[PDB]
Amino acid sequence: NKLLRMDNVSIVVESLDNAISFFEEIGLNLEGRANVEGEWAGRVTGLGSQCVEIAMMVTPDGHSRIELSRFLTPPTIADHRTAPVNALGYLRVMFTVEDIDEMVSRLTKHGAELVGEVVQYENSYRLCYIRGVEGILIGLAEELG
């Protein structure tokens, strides 16, 4: 077979509006919104009667996307947005930015919180884990040189 591409990583959130704003602070652009109320969706997910509203975010380079999703029906029945770092399953998406200090300062001003501290790996890069919108874990890195 052939793997054409990794289209996107989806994240289920409580507020699409708040999620969109947070990711726009990171640098992604809102690419579109859609009220998915079809019945085919339910057939894919195995939920059946399903209505979800999504907002697709895309990075400036056009290669990566984040699909923000809010369930209307059926309502959500669990939450792992603030699971610990040492937990099995999806952990975080990592973004490389030009200036990690300015990004940490701006995000934190808007409510985000560092999980560890900003760390330098040799002379190659700097990175950190931060909890952003709705406590969701996100990684940030800066390439040195």
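One rule holds for the numbers: they count along the sequence shown, beginning at 1.
Undergrad: Read off the CA B-factors in the entry, average them over 109-117 and over 72-80, and name the higher stretch.
TA: The deposited B-factors put 109-117 ahead on the C-alpha mean.
Undergrad: Take the C-alpha B-factors listed in the entry for 58-66 and for 35-43, compute each mean, and give the stretch with the larger one.
TA: It is 35-43.
Undergrad: Which one of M94, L91, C51, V104 shows the top CA temperature factor in the record?
TA: The record points to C51.
Undergrad: By the recorded C-alpha temperature factor, relative to the other modelled residues in its chain, which third is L30 in?
TA: Tercile = highest for this residue's CA B-factor.
Undergrad: Using only modelled residues of the chain, where does the Cα B factor of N18 rank: lowest third, middle third or highest third?
TA: It falls in the middle third of the chain.
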